[PDB]
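Read top to bottom, the protein sequences are chains A and B.
Residue numbers 299 to 338, 348 to 717, in the UniProt record's numbering, belong to the letters of the first sequence in order.
Residue numbers 299 to 338, 350 to 716, in the UniProt record's numbering, belong to the letters of the second sequence in order.
These notes concern the structure reproduced below.
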Amino acid sequence: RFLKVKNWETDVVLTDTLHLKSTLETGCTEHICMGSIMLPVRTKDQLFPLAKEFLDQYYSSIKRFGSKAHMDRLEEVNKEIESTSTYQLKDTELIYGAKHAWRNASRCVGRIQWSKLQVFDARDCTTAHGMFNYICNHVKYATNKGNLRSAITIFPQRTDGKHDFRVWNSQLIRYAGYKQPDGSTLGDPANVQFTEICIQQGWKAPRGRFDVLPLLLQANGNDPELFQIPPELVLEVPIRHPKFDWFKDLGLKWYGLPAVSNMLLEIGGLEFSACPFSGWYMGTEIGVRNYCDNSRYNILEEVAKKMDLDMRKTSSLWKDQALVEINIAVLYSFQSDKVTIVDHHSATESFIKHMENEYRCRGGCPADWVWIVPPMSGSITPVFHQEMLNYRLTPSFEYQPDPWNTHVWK
Amino acid sequence: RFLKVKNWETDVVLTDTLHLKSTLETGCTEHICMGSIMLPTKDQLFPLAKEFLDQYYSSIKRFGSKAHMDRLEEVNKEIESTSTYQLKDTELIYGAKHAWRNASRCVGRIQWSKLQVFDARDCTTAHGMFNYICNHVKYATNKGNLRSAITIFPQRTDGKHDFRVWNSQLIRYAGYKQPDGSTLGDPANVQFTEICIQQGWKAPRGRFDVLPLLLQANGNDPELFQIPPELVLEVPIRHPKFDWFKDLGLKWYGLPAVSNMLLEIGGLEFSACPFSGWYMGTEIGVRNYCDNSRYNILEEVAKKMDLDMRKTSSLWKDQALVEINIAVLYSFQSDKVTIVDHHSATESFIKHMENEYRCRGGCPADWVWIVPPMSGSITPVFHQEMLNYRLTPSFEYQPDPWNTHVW
Ligand code: HEM
Ligand code: HEM
Ligand SMILES: Cc1cc(N)nc(C[C@H]2CNC[C@H]2NCCNCCc2cccc(F)c2)c1
Ligand SMILES: Cc1cc(N)nc(C[C@H]2CNC[C@H]2NCCNCCc2cccc(F)c2)c1
Ligand SMILES: C[C@H](O)[C@H](O)[C@H]1CNc2nc(N)[nH]c(=O)c2N1
Ligand SMILES: C[C@H](O)[C@H](O)[C@H]1CNc2nc(N)[nH]c(=O)c2N1
Ligand SMILES: [Zn+2]
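This is how it looks when you write it as C-alpha cells:
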C-alpha cells in the first residue's frame, strides 16, 4: 500500500512504501491522533525474530542478503541466544545500527548527516571511572575546537536490567538550576531536580547562572558516581549582538556541544541504555527555547526592555521582535567564534533535500512535523508546507524513565 | 481509554473523556500518524439523527423526557416517508454552534457560543443567495466591529440539487498569470479567477481585485454577482514606524468568510453555509503576505529595511516578518477593524481548553493548525498537548464544485 505526501508550496508529491516496514506502534488510532503528545529484561522467544529482522536489513544494505556469511551469522546468533540468552553485535553491525537509529529518528531535522557519525565502541567499559574517560574522549573528539563532529559512545547493553549502564545527566553538558527560598530560580530551571541530586551526591555547587553540571555515571547497575568534566574540554560561546553593543552585558553564554545522554538505543532487539550522542546546534534551540521559554532562562522581558520596545500591549509584537534579535546574536556569536552552528532556514532546507532523497532511494522518511518545524518563523521555513508521515522504524532511539525513579540503591 | 493531556510549561494535566464520543476516523493508525496531512440513506440517517437529537435534548437538560421522545418519533416518521427530515430553528442554531465548537483546527473557539445564525433554508435562487450573502457580509462587518455569523442554505437532497458558493471565501482577491511568467494578485486564486473570466467577469487586472460571487442554487449552473463595493471593508497597510511601508501598495479585507465547507448536522448535509469571524493577524501578515506561493513580499520588504540578504543566517526573513505583522495589526487597529494578535488568541484558546475540559470533559484540537505560523514556542499553545478527534456536528471540506458540477 502506497501513501502520498504533498508539499503545498511546490506541489511536489512523494510516495511512501517504507512505512510498511514499521512494527512499533504510534500511539494513534483510527479514532484519535496523539501527534502532539510528548511521550505517547526481554524473552529469548521475542529476541531471535528481532535479531533476524535487524541482520536481514544489515546484510541487505551490504548487498549480501542470503549469502553464506549472512546464513552463518543468523545461525551463530541463534545459537548464541539459545546458549547465553542474549547476543553480541559485530563492530560493523553496531556502527550500522547506530547510524540507522539516527536515520530513523522522526523528530531529528539534522538527519542529512546520518551517515557521517563517529561511533565509539565502549562495550569493554566496566566502571563509572571508565565511563568518565570514554565521555571526556567523546567530548574532546566531538568538539574538535569548534569544528564540531557528530559522535556516539556506546556502553555495554542491558543484560537482566539489574546491571544497566546509565548516564544520569540528560545531556553531557548542561547548566545547573538552583531553586531559591523566595521561589525564584538561578541558572537553568529545567535542571533544578537533577542539580539537587548532584548536590545530594556531594557536588559542591558554585551557585552561578551557568555552572556546568558534573557527570553522574552508573556502571553495571551500581550506584552512580560524580565526576567533573575538565573545564578546558567545555567549549562555551559568550553571546553578543552584531549591532547591539549592550547585548554582551546580559551575561549570556552557551556551550557549543549538544550531547543527548538519557536515551536508549535499540539494535536487533538489544538495549543500550547508555549511548550519549552529539552533533551541533540549530540556533533556535538556544535562542528560542533555552533563552526564551517561560520555564527556561526567560530573557524576553529583559531584552525588550533594553531594546525600548513598546511593552504595554502584546500587539506591538515586542516578544517576536526581541526573539529575532536574540536569535541573531546566538548565530553571530557562534560564527564569530568559529563554533559550528546551523540557522533554521538552512537546516530546514537541507532536511527537505534529505527527505526527498530518502523517498527516492529508501521509499520513505519518517518525520514528525510537530518537532521538525522550528519554534519561530514556522511557515517561512519549507518544512511547514511539507506533509510528513510519522512511523517507527528500528534501529531506534527511545526515551527511558529517569534513573533516579527506578534505580535500586545499594 | 481515558486520556491525559499535559501542558509542559505549566505542568497542568487535563483528563479527556469526550474522545470516547468521537465517531469519524482520523486517518491515523497504530502504525502511522497522519497528523500533518492537510486532507486525510434511510438506514443511515436515523442513527445520525438520534445521536444528534439525544445530545441536543441532554444539553437543554431535558434528556429522556416525553418532549425528547416525541421529537425522536416525528423525525423517524419523516425519514421513513420523505427519506430525509427538517431541523427545528433551535436544533439548527445549536448544530451550527456545535460544529464550530468541534472544529479542532480553530484557535478562535472561545467565541463558539456567540454566533449569529441566519436561516436561509427558504432560499431558492442564486439571486436569493446573493441577497442573503450581502446581508451576512454587512451584519458581520458591522462597520468594523466584526461579529461572528453563519448563513445556512437549504440541505442536500439527492445531491443533484446542491446549493454551493463556488468561492473559497466570500471576499478574496483575483489572480492572473502574466506573459511575464509572474503572477499578479493572489496566486492561490488563479484557477478560480479564470473560471470567473470564463463566465463573463470583467477583470480590472489589478493586484487587489475583489472576486465576484459564483452562486449555485438547486444544483443549477452558477451565476456571477458583484458584492456592493461599499460592503467590502478593506484596510490599507502601513507601519507605525516605517513611513515607506505604504509605498508597497498593500491592503487586506476585514472579513474572513469561509464559504466552501460543508456543515453536517444530525446526518443532514448543508453544502452552502458561509461563515465568518475576524482575523488573527498572522493569517494575513505571515501566510497571505509571506508564503512563497502567495503575495511573497519578504524580498521587497527586506530590501526597504536595507537588511543584509547575502545569507540566511542574518535572519533577514525573520526580521522583516515581524515588521510586516506589526504593520497588519497596527493598520487594523488604527482603522478600528477587529483583529486579534497571535499571543492574545492562543492565550484565550488555552483558557477555552481549560473551560471545555472542566465543563464538557475535553476539547478536540489540531496542534499543527493551532500553533501560529510565527513565534510558535513563545505562544502557550506550543507547550500544550492536544488530542485530535472528530466530533459531530461538524464542518468538513468538500471537493471544489467545478470538478463535480455538470453544465
Ligand atoms: C548534526 C547536527 C544535528 C542537528 C542540527 C540536529 C537537530 C535536531 C533538533 C533541532 C532536534 C529537536 C530537538 C529539540 O527541539 O529538543 C533534534 C532531535 C533529535 N535528534 Fe538531531 N541533530 C543533529 C545530530 C544528531 C545526532 C548525531 C543524533 C543521533 C545520532 C541525533 C538524533 C536525534 C534524536 C534521537 C532526536 C529526538 C530527541 C528527543 O525526542 O528528545 N541528532 N535534532
Ligand atoms: C471569531 C474569531 C475567529 C478566529 C480568530 C478564528 C481563527 C481561526 C484560524 C487562525 C484558523 C486557521 C485557519 C488557517 O490557518 O487557514 C481557523 C480555522 C477554522 N475556523 Fe476559526 N476563527 C474564528 C471564527 C470562526 C467561526 C465563526 C467559525 C465557524 C462558525 C470558525 C470555524 C473554523 C473552521 C471550520 C476552521 C478550519 C478551516 C479549515 O480547515 O480550512 N471560525 N480559525
Ligand atoms: C544530538 C543533538 C543535536 C541537536 N542539535 N539537538 C539535539 C536535541 C537536544 C539539544 N537541544 C534540546 C535537546 N533535546 C533532547 C531532549 N528532549 C526532551 C524531550 C522530552 C521531554 C519531556 C518528555 C518527553 F517525552 C520528551 C540533539
Ligand atoms: C471563520 C474564520 C476566521 C478566521 N480568522 N480564519 C478563518 C480561516 C480562513 C481565513 N484565512 C485562511 C482561511 N482558511 C480556510 C481555508 N483553508 C485551507 C485549508 C486547506 C487547503 C488545501 C487543502 C486542504 F485539505 C485544506 C476562518
Ligand atoms: C506539546 C508539544 O508536543 C511539545 O511542546 C513539543 C512540540 N514541538 C517540539 N519540537 C521540538 N523540536 N522540541 C520540543 O521540545 C517540542 N515540544
Ligand atoms: C503540511 C502541513 O500540514 C500544512 O502546511 C499545514 C500546517 N499547519 C497549518 N496551520 C494553519 N493554521 N493553516 C494552514 O494552512 C496550515 N498548513
Ligand atoms: Zn496521528
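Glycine is no exception: its CB is placed at the ideal position from the N, C-alpha and C atoms.
7 Å Cβ cutoff met for residue i and residue j
{"i": "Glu578(A)", "j": "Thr701(A)", "result": "no"}
{"i": "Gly563(B)", "j": "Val646(B)", "result": "yes"}
{"i": "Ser640(B)", "j": "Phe472(B)", "result": "no"}
{"i": "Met683(A)", "j": "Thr591(A)", "result": "yes"}
{"i": "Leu524(A)", "j": "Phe439(A)", "result": "yes"}
{"i": "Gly671(A)", "j": "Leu316(A)", "result": "yes"}
{"i": "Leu520(A)", "j": "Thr450(A)", "result": "no"}
{"i": "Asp650(B)", "j": "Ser622(A)", "result": "yes"}
{"i": "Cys331(A)", "j": "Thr655(B)", "result": "no"}
{"i": "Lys304(A)", "j": "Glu694(A)", "result": "yes"}
{"i": "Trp475(A)", "j": "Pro531(A)", "result": "yes"}
{"i": "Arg414(A)", "j": "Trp678(A)", "result": "yes"}
{"i": "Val384(A)", "j": "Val631(B)", "result": "no"}
{"i": "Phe704(A)", "j": "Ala429(A)", "result": "no"}
Contacts that residue i makes with chain A (C-beta to C-beta distance below 7 Å)
{"i": "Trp678(B)", "result": "Near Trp678(B) there are no residues of chain A at all, since even the closest Cβ is about 11 Å away, more than 7 Å."}
{"i": "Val595(B)", "result": "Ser686"}
{"i": "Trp306(B)", "result": "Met336"}
{"i": "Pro708(B)", "result": "Residues of chain A passing the Cβ test: none, with the nearest at roughly 16 Å."}
{"i": "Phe691(B)", "result": "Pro682"}
{"i": "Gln500(B)", "result": "Per Cβ cutoff of 7 Å: no residues; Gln500(B) is ~13 Å from chain A at best."}
Proximity test, residue i beta-carbon vs ligand 2 heavy atom, cut-off 6 Å
{"i": "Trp587(B)", "result": "yes"}
{"i": "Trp409(B)", "result": "yes"}
{"i": "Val416(B)", "result": "yes"}
{"i": "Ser457(B)", "result": "yes"}
Check: residue i C-beta below 6 Å from any heavy atom of ligand 4
{"i": "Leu337(B)", "result": "yes"}
Residue i beta carbon near ligand 3 (any heavy atom closer than 6 Å)
{"i": "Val474(A)", "result": "no"}
{"i": "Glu592(A)", "result": "yes"}
{"i": "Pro565(A)", "result": "yes"}
Cβ distance (whole Å) where residue i is taken to contact residue j below 8 Å
{"i": "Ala629(A)", "j": "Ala611(A)", "result": "4 Å"}
{"i": "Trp409(B)", "j": "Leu424(B)", "result": "6 Å"}
{"i": "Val499(B)", "j": "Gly484(B)", "result": "4 Å"}
{"i": "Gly404(A)", "j": "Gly575(A)", "result": "7 Å"}
{"i": "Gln420(B)", "j": "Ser368(B)", "result": "At roughly 18 Å, the Cβ-Cβ gap does not stay under 8 Å, so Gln420(B) and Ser368(B) are not in contact."}
Check: residue i C-beta below 6 Å from any heavy atom of ligand 7
{"i": "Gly373(A)", "result": "no"}
{"i": "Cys331(A)", "result": "yes"}
Cβ-heavy atom distance, residue i to ligand 5, below 6 Å
{"i": "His692(B)", "result": "yes"}
Per-residue contacts from residue i into chain B (C-beta, under 9 Å)
{"i": "residue 339(A)", "result": "There are no coordinates for residue 339(A) in this structure, because the numbering of chain A runs from 338 directly to 348."}
{"i": "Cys599(A)", "result": "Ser686 and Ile687"}
{"i": "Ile635(A)", "result": "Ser622, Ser623, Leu624, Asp627 and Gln628"}
{"i": "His714(A)", "result": "Chain B residues near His714(A): none, gap ~24 Å exceeds 9 Å."}
Closer than 6 Å: residue i CB and nearest ligand 1 heavy atom
{"i": "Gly325(A)", "result": "no"}
Interface residues of chain A facing residue i [CB-CB closer than 9 Å]
{"i": "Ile606(B)", "result": "Those do not exist, as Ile606(B) stays about 11 Å from chain A at its closest Cβ, beyond 9 Å."}
{"i": "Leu638(B)", "result": "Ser622, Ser623 and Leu624"}
Proximal residues of chain B, C-beta to C-beta of residue i below 8 Å
{"i": "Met683(A)", "result": "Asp627, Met683, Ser684, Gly685, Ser686 and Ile687"}
{"i": "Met695(A)", "result": "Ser334"}
{"i": "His470(A)", "result": "Going along chain B, no residue has its Cβ under 8 Å from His470(A), so there is no contact; the nearest lies around 33 Å."}
{"i": "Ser320(A)", "result": "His329 and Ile330"}
Cross-chain neighbours of residue i in chain B, by beta carbon under 7 Å
{"i": "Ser643(A)", "result": "Per Cβ cutoff of 7 Å: no residues; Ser643(A) is ~11 Å from chain B at best."}
{"i": "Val631(A)", "result": "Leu624, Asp627, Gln628 and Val631"}
{"i": "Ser602(A)", "result": "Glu307"}
Heavy atom of ligand 6 within 6 Å of residue i beta-carbon
{"i": "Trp306(B)", "result": "no"}
{"i": "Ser334(B)", "result": "yes"}
Contact list for residue i against chain A, beta-carbon separation under 8 Å
{"i": "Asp650(B)", "result": "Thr621, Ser622 and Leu624"}
{"i": "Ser653(B)", "result": "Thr621 and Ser622"}
{"i": "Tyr698(B)", "result": "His329, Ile330 and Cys331"}
{"i": "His661(B)", "result": "Simply none; closest approach about 17 Å."}
Any beta strand (DSSP E) of 3 or more consecutive residues that is wholly inside the segment 611 to 656 of chain A: List check, beta strand (DSSP E) in window: nothing returned.
If you scan the segment 545 to 624 of chain B from start to end, which runs of the alpha helix (DSSP H) of 4 or more residues do you find wholly inside it? Within the segment 545 to 624 of chain B, the complete alpha helix (DSSP H) runs of at least 4 residues are 607 to 613.
Ranges of the alpha helix (DSSP H) found wholly within the segment 373 to 459 of chain A, counting only runs of at least 4: Listed in chain order, the complete alpha helix (DSSP H) runs (minimum 4 residues) inside the segment 373 to 459 of chain A are 375 to 391, 398 to 410 and 435 to 450.
Which runs of the alpha helix (DSSP H), 4 residues or longer, sit entirely within the segment 491 to 525 of chain A? Qualifying alpha helix (DSSP H) stretches, in chain order: 499 to 507.
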